[PDB]
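A.B. asks: Take a look at this one; I'll ask things after.
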Amino acid sequence: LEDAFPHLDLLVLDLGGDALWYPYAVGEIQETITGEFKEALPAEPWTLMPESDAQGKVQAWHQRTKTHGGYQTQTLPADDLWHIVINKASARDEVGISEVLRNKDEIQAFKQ
Amino acid sequence: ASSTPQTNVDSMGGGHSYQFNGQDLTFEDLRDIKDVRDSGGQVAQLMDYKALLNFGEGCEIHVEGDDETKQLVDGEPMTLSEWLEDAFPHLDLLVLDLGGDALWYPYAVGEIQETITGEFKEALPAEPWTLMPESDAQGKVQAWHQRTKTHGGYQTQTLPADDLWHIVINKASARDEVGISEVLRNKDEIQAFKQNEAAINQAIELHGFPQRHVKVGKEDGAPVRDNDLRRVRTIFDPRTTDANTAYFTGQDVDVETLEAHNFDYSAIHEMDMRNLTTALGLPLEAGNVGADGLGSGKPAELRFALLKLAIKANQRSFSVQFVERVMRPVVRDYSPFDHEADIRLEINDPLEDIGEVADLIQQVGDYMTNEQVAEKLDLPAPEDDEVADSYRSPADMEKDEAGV
Amino acid sequence: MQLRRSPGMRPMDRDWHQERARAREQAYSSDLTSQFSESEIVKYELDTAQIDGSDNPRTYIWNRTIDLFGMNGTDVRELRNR
Amino acid sequence: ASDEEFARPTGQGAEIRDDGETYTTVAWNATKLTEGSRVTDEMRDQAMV
Ligand SMILES: [Mg+2]
Ligand SMILES: [Mg+2]
Ligand SMILES: [Mg+2]
């Protein structure tokens with residue numbers, strides 16, 4: 001595991017940072033060309049939102065990204081992404097809460 | 001899974017022409033950072049203190065299982081650590097200079113160079129404001145575009161993302177390969193500081209000093225014309241007045257004073273410095289501005305812990321990239337050693353107190369090998385491996401050998 | 001010998017620069033007599049400055065009597081299509 | 001700045017005369033040049049470039 005994840009100290013800080021700002025940290029698994037494991041690759045969390053079933057579990061990930069003068073949008077299965085939630089509405093909350101949006105009024109009050 | 005990323009990365013822009021893109025940065029935006037860096041004053045010194053904290057205390061190269069690497073390099077044995085210390089003799093200066101430039105600009109960037117014989121020369125840095133990356137739709141940098149001044153205009157050229165290397169300390173996301181300038185991130189705070197400084201300076205010039213107002217003539221009496229005032233000006237001229245000058249007048253000359261009109265410019269400076277220091281993540285103390293209650297107890301412990309955590313995060317961010325993008329390619333391409341070896345570059349803690357370490361070694365040295373003690377104490381490890389590996393002190397082993 | 005006010009020295013004086021810049025940002029028209037002291041017109045050679053009111057920010061700022069929408073204080077040369 | 005001139009020949013012990021540097025100016029204006037274009041979302045999407 002220590003050879004599989006050499007720089008886990010950076011990855012933990014990066015994902016942990018994102019999962020405080022945004023509702024979730026999210027990413028891919030990546031392989032070498034030979035098909036040995038390469039890395040867990042984070043994805044830009046503001047670009048992705050989950051789609052979830054009647055029992056609340058994530059089934060697909062919908063991604064919108066900037067392009068020159070507009071957006072490209074795609075859908076990916078929950079099968080091959082992974083995601084982590086620090087702040088939750090309930091123990092069943094698989095989508096999570098942004099602490100920024102939870103406290104947006106105090107942020108606005110400060111800035112004004 | 002996949003051998004290429006299937007998530008997209010939000011970051012198109014420009015081409016050959018300028019665009020106010022937001023994800024990209026122009027040669028003008030880069031030269032703005034250059035201008036903040038070289039225009040000096042309090043802003044520049046704070047960012048220099050930030051560089052000195054992160055990278056000023058120097059560095060050490062480690063390899064796990066370094067002894068197993070023992071090899072004849074040129075009719076003489078070396079380990080990989082010994083070879084690396086010859087490959088990079090003055091790595092401490094390079095770490096400070098690159099690490100500083102990577103805090104100013106979005107990245108540090110540079111070449112690898114060879115001697116004429118083709119052996120490694122140095123990892124020569126490049127002037128970061130001169131260079132910007134071109135990146136593909138899936139996020140990697142593919143080329144570097146360079147603009148450099150010449151005699152009232154510019155040269156321009158393009159280089160592959162192949163024989164250059166680059167290091168990013170500050171990132172928009174964990175997937176970001178181009179990074180953020182903390183200067184341009186806080187440009188509004190920097191201009192707010194500079195404007196209030198100018199406003200105070202001008203207010204001191206106008207209001208910081210009293211001024212004499214001589215009023216001439218009786219109220220509701222005969223009027224006084226400009227040529228009449230010219231002679232009163234001659235008498236009360238501050239340019240020829242001295243400390244103990246005295247005046248003798250009729251009743252109808254009044255020597256009034258504009259008092260120095262009080263304002264708390266010190267409180268305005270304290271506010272400006274609080275804004276700027278906190279925006280740049282430094283403690284307020286770095287700005288030569290004091291605080292109440294924050295100078296003692298757990299309030300001190302916390303802010304110093306937060307500073308040290310920020311420093312460690314930047315140090316690890318720099319270390320990993322420097323090993324992966326500079327050291328490993330140099331080993332792979334110029335060295336008889338295995339580049340896949342577990343190299344670490346570790347950067348010293350700027351705020352560590354050796355007296356605290358000495359106390360620790362007295363308390364718990366009985367649980368540390370002599371090499372672990374030497375490492376904590378910032379010393380060369382013992383030359384003899386058995387004493388290095390043992391737990392009780394080398395002086396204690398010597399006095400026992402002297403008993404034997 | 002040359003004094004600060006002397007005609008060959010005016011372009012060396014920081015104040016001649018700063019005050020001509022001020023004069024351009026003050027004006028609403030090219031009519032200097034309507035706007036500047038006769039001392040200023042001579043001292044800063046305001047005949048030779050391109051004073052016309054085109055550099056005054058107040059030329060471009062909206063200032064309607066009643067404002068229900070926060071339109072006032074916008075500068076037209078800072079809109080999207082300018 | 002005014003052009004280079006010449007020194008003048010002078011008697012011994014005589015007062016040196018003033019030929020100080022004199023200045024004029026070149027005035028810049030600056031005309032706004034502009035260009036623009038518009039593209040619909042549908043056109044931006046469907047174009048092969
Ligand atoms: Mg009278
Ligand atoms: Mg002459
Ligand atoms: Mg002449």
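Backbone-built Cβ (ideal geometry, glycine too); neighbour counts: all protein chains shown. Just so you know, all these numbers are worked out from the coordinates, no wet-lab data involved.
A.B. asks: Cα to Cα, under 30 Å, and not fewer than 8 places away if on the same chain: which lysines meet these conditions relative to residue A:38?
C.D. replies: Candidates past the 8-residue exclusion: A:57, A:66, B:70, B:140, B:171, B:312.
A.B. asks: Let me ask something else about it. Quick one: plug the Kirkwood hydrodynamic radius of the range A:1-43 (C-alpha pairs) into Stokes-Einstein at 25 °C, 0.890 mPa s, and report D in µm²/s.
C.D. replies: In µm²/s, the coefficient is 218.
A.B. asks: Counting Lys +1, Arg +1, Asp -1, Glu -1, what net charge surrounds residue B:307 among other residues with beta carbon under 12 Å of its beta carbon?
C.D. replies: That works out to +1.
A.B. asks: Based on alpha-carbon centroids, what's the gap between the range B:251-307 and the range B:118-157 in Å, whole number please?
C.D. replies: Measuring centre to centre over Cα atoms gives 42 Å.
A.B. asks: Restricting to Cα pairs below 8 Å that are 6+ residues apart, what does the relative contact order work out to for chain A? Please round to a whole percent.
C.D. replies: 26
A.B. asks: Can you give me the long-range amide H partners of residue B:170? Hydrogens built in the peptide plane at 1.01 Å from N, cutoff under 5 Å, separation of 5 or more residues or another chain.
C.D. replies: B:180
A.B. asks: Measuring from centroid to centroid over Cα atoms, what is the spacing of the range B:159-207 and the range B:85-111 in Å?
C.D. replies: Here the two parts' Cα centres lie 19 Å apart.
A.B. asks: Relative to the first principal axis of the alpha-carbon coordinates of chain C, what is the inclination of helix C:14-26, with its axis defined by its Cα atoms, in degrees from 0 to 90 and to the nearest 10?
C.D. replies: Rounded to the nearest ten degrees, it is 30.
A.B. asks: While we're looking at this one, here's another question. Among B:156, B:241, B:115, which one shows the biggest mean-square fluctuation in a GNM of chain B, springs joining Cα atoms closer than 10 Å?
C.D. replies: Residue with maximal mean-square fluctuation among B:156, B:241, B:115: B:241.
A.B. asks: Calculate the dipole size of chain B relative to its Cα centre from +1 charges on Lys and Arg beta carbons and -1 charges on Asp and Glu beta carbons; express the result in debye to the nearest 20.
C.D. replies: That gives a dipole near 2960 debye.
A.B. asks: Over the range B:280-404, what per residue volume does the convex hull of the Cα atoms give, in whole Å³? Display every interim value, and only then the final one.
C.D. replies: Working: hull volume 21.7 nm³, N = 125.
Output value, Cα hull per residue: 173 Å³.
A.B. asks: Then there is this: Return the average number of partner chain Cβ atoms within 10 angstrom of each residue Cβ along peptide D:18-25.
C.D. replies: Taking the mean over all residues of the peptide, I get 5.
A.B. asks: What's log10 of I(q)/I(0) for the range B:221-352 at q = 0.20 Å⁻¹, Debye sum over Cα points only, no solvent?
C.D. replies: For the range B:221-352, the Cα-only Debye profile gives -1.19.
A.B. asks: Among B:227, B:278, B:110, flag the residue with its Cα farthest along the positive direction of the charge dipole of the protein assembly as shown, charges on Cβ as +1 for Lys/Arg and -1 for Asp/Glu.
C.D. replies: B:227
A.B. asks: What does the C-alpha gyration tensor say about the overall shape of the range B:1-105? Classify as rounded when a/c is under 1.5, otherwise prolate if a/b is larger than b/c, or oblate.
C.D. replies: Oblate is the answer for the range B:1-105, as a/c is 1.5 or above yet b/c matches or exceeds a/b.
A.B. asks: Hey, what's the Cα Rg ratio for the range B:182-241 versus the globular rule of thumb, 2.2 N^0.38 Å?
C.D. replies: 2.07
A.B. asks: Roughly how crowded by other chains is peptide A:41-49, in terms of the mean Cβ count from those chains within 10 Å of each of its Cβ atoms?
C.D. replies: 5
A.B. asks: Using alpha carbons only, how many degrees (0 to 90, rounded to 10) separate the axis of helix A:8-21 from the longest principal axis of chain A?
C.D. replies: With both axes taken from Cα atoms, the answer is about 30 degrees.
A.B. asks: Cα centroid distance between the range C:25-82 and the range B:329-384, in Å?
C.D. replies: 67
A.B. asks: Choose one answer from B:149, B:194, B:218: the residue with the largest mean-square fluctuation in a GNM of chain B with alpha-carbon springs under 10 Å.
C.D. replies: Result: B:218 has the largest fluctuation of those listed.
A.B. asks: Now for a separate question. For chain B, modelled as a Gaussian network with Cα springs under 10 Å, which listed residue fluctuates most, B:163, B:342, B:389?
C.D. replies: Evaluated over chain B, the most mobile residue of the options is B:389.
A.B. asks: Would you grab the residues whose amide H sits under 5 Å from the one on residue A:38? Only those 5+ places off in sequence or on another chain, please, with H modelled 1.01 Å from N.
C.D. replies: A:30, A:31, A:32
A.B. asks: Related question: Can you pull a Stokes-Einstein diffusion coefficient for chain B at 10 °C (1.306 mPa s), Rh from Kirkwood over Cα pairs, as a whole number of µm²/s?
C.D. replies: Roughly 58 µm²/s, to the nearest whole number.
A.B. asks: Also, I was wondering about something else. What does the charge add up to near residue D:19, with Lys and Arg as +1, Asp and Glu as -1, over the other residues with Cβ less than 9 Å from its Cβ?
C.D. replies: Value of the local net charge: -1.
A.B. asks: With +1 on each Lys and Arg Cβ and -1 on each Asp and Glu Cβ, and nothing else charged, work out how big the dipole of chain A is about its Cα centre, in Debye to the nearest 20.
C.D. replies: 660
A.B. asks: Which of the helices in chain B, when you take each full DSSP H run, stretch at least 18 Å along the axis at their Cα atoms and have an average Kyte-Doolittle score of -0.5 or higher?
C.D. replies: Values: long enough: B:41-55 (21 Å, 0.29); B:91-104 (19 Å, 1.19); B:187-207 (29 Å, -0.72); B:265-279 (21 Å, -0.40); B:297-322 (38 Å, 0.05).
Membrane-span-like by this rule: B:41-55, B:91-104, B:265-279, B:297-322.
A.B. asks: So if I take the alpha carbon set of the range B:53-167, get Rg, then get Rh from the Kirkwood formula, what is the Rg over Rh ratio?
C.D. replies: Across the range B:53-167, the Cα-based Rg/Rh ratio is 1.05.
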